[PDB]
Amino acid sequence: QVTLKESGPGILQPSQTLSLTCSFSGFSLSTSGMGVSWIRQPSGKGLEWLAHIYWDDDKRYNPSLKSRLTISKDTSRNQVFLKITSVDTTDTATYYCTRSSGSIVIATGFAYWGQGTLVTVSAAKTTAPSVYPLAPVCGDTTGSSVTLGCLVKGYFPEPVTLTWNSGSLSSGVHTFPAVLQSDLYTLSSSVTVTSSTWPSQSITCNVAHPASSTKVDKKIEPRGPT
Amino acid sequence: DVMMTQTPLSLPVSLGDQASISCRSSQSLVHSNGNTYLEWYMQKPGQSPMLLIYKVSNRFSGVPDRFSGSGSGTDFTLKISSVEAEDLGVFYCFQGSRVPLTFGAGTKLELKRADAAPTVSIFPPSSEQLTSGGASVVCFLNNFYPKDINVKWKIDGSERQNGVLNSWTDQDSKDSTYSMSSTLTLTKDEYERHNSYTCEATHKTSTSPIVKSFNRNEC
């Protein structure tokens, strides 16, 4: 019955203004006891409360962001807004909107939450991944199964998608979360297959970076002595 | 600000187990009125947080009787009497007494299983990467438990700490293990200045470390 939906640009550069919208249903903002809070979560990390707006247009902000924050409402349109000025790198987070219990006194009871929208703040320019195939050491291991790899280095923004043999090599696969090397992202993936499979058959790493409209295929091929 | 601290930050659990998480705040949460505003939210991967317990001891509507909360003032506890799979994720205590509103950092309830040693794989720089000036040496440490592991890079028997980037998966859905990727990034020139490359894992499954090494020149 009660729903919340957040929206806004997913990428900004430092110093720009982020304007987010919370669109909702199932309750109205012009009834006593109703409140909408904005909360953010950097990836991996914990929640941080930002602002709260009340049924009567009373407001409350995080003092640690106060000068940059403005919480606003369009009660008619079922819309709650936030404005964050002078964005910097650390404003990179998923931004949630949430309504409180709906009783009377409101700083608690966040029962209904929106989906959350990802905002990333970066001065980085769009950059296609460099994709490198990772062949086993130039050696002679006699194991039943073999591990191969694929390194995806120096891209912006996320996401990248990475499959093996066009998604038809699925298990034995560990694809790691991207990490941020100096404005730029990097990730890697491994496959473990049977030694009778490889190099006897073709294993290729497939990488798409939608944001830059690139697809790269990289065949894993036995190393040479040089 | 009120400082919510949670213990422990990770709790390995078997399905069926009792679970207890503590929340200590930096100051009393009793209002001008006698009622305390201490809450417990939970969050599953890819999903938004959910409210569980409010006013210390009161379950939200539709929250199973297995979820129990107790305490006052400064130390609080959340109890789950029989852990189910749907319970796995992160738990946050929360205060709404004083502005700013704050959450604890979270407690990850995770699945227990038998210890496993990681399968370690080391990978020399691809010739394609070298051509471009860079030299990444990559090490996969796959399917281990517990999640606590440590990686050491050594070049010609000397430990190397700088230019190392690590990444860890979430606990696996089918085998309850964890995996880690560790990349050492050098310049091509630095790479070529040395010979021996070693990725070293220390993990409780053995007193002796699992290492994978290669030598640049002779292969």
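Residues numbered from 1 in each chain as written, not as in the entry; some residues may be left out. Chains lettered and ligands numbered in written order. Heavy atoms only, no water.

**Student:** What exactly am I supposed to notice about the overall build of chain A here?
**Tutor:** Secondary structure summary: chain A contains zero helices and 19 strands in total. What you see for chain A is a C-alpha radius of gyration of 24 Å, clearly larger than the 17 Å of a compact globule of 226 residues, by over 25%. When its C-alpha atoms are laid out on the principal axes, chain A stretches across 75 × 35 × 25 Å. Residues counted as buried form 48% of the 226 residues belonging to chain A. Contacts spanning at least 24 positions in sequence make up 59% of the contacts within chain A whose residues lie at least 6 apart. A total of about 10,400 Å² of accessible surface is found on chain A, and carbon and sulfur atoms cover 49% of it. A gap of 2 Å separates the mean positions of the 17 positive and 13 negative side-chain charges of chain A. (Helix = DSSP H or I, 4+ residues; strand = E, 2+ residues; numbered from the N terminus. Rg over C-alpha atoms; globule rule 2.2 N^0.38 Å. Buried < 20%, exposed > 50% of the residue type's maximum accessible area, 1.4 Å probe, protein only. Contact = heavy atoms within 4.5 Å. Areas by Shrake-Rupley, 256 points an atom, 1.4 Å probe, with all protein chains shown as cover. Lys, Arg positive; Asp, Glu negative; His and termini not counted. Charge placed at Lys NZ, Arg CZ, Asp CG, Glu CD.)

**Student:** Got a minute to help me understand the domain arrangement of chain A in this structure?
**Tutor:** Residues and elements named next belong to chain A. For chain A, the domain assignment lists domain 1 (1–123) and domain 2 (124–222). Summarising the inter-unit geometry, the C-alpha centres of domain 1 and domain 2 are found 38 Å apart. At the interface, four residues of domain 1 touch six residues of domain 2. Summed over both sides, the interface of domain 1 with domain 2 buries roughly 350 Å², with 59% coming from carbon and sulfur. Per-residue buried area on domain 1 facing domain 2 is highest for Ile11, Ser122 and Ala123; these three make up 79% of the total on that side. At the junction of domain 1 with domain 2, the criterion picks out zero salt bridges. (Domains from an automatic or database assignment. Buried area = accessible area lost by both parts, 1.4 Å probe. Salt bridge = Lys/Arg side-chain N within 4 Å of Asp/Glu carboxyl O.)

**Student:** In this structure, what is going on with the interface of chain B and chain A? I would like to understand it.
**Tutor:** As a measure of interface size, the accessible area lost when the parts come together is often cited. Facing 43 residues of chain B, the contacting portion of chain A comprises 45 residues. A buried area of about 3,500 Å², summed over both sides, lies between chain B and chain A, and 66% of it is on carbon and sulfur atoms. At the boundary of chain B with chain A, the tally comes to one salt bridge. With a closest N to O distance of 3.4 Å, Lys218 of chain A and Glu128 of chain B form a salt bridge. Along the contact surface separating chain B from chain A lie 14 residue pairs in polar contact. Breaking the side of chain B that touches chain A down by element, the ones donating at least two residues are β4 (38–43), β9 (89–95), β12 (119–123), α1 (127–131), β13 (134–144), β16 (164–168) and β17 (178–187) of chain B. Here the side of chain B that touches chain A gets five residues from one element, more than from any other, and that element is β13 of chain B. Residues belonging to the side of chain B that touches chain A are distributed by class as follows: 23 nonpolar, 18 polar and two charged. (Polar contact = N/O pair within 3.5 Å; in protein donor to acceptor, adjacent residues only side chain to side chain. Nonpolar A, V, L, I, M, F, W, Y, C, P; charged D, E, K, R; others polar.)

**Student:** It is not clear to me how the environment of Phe103 of chain B should be interpreted in this structure. Could you clarify?
**Tutor:** On the secondary structure map, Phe103 of chain B appears in strand β10 (residues 102–103). Take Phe103 of chain B: its relative accessible area is 9%, and that puts it in the buried class. As a C-alpha pair, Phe103 of chain B and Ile155 of chain B span 52 residues in sequence and 43 Å in three-dimensional space. Apart from the residues lying within four places of it in its own chain, the contact partners of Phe103 of chain B are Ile39, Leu47 and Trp113 of chain A together with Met4, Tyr41, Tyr92, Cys93 and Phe94 of chain B.

**Student:** Even after reading the chapter, I still don't get the sheet that holds strand β1 (residues 3–7) of chain A, so can you show me in this structure?
**Tutor:** In sheet architecture, strand pairing relies on hydrogen bonds along the backbone and comes in two forms, parallel and antiparallel. Residue and element names in this part refer to chain A. Read from one edge of the open sheet, four strands run β1-β3-β8-β7, paired in antiparallel fashion. Only two strands of the sheet have a single partner each, and these edge strands are β1 and β7 (69–74). For this sheet, the mean inter-axis angle between neighbouring strands, taken without regard to orientation, is 20°. By the bridge criterion, six bridges tie strand β3 (residues 18–25) to strand β8 (residues 79–84) in an arrangement that is antiparallel. Paired with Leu20 across the strands is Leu82, a residue of β8. (Pairing = 2+ DSSP bridges. Axes fitted to C-alpha atoms, helices over the stretch in contact; angles between N-to-C directions.)

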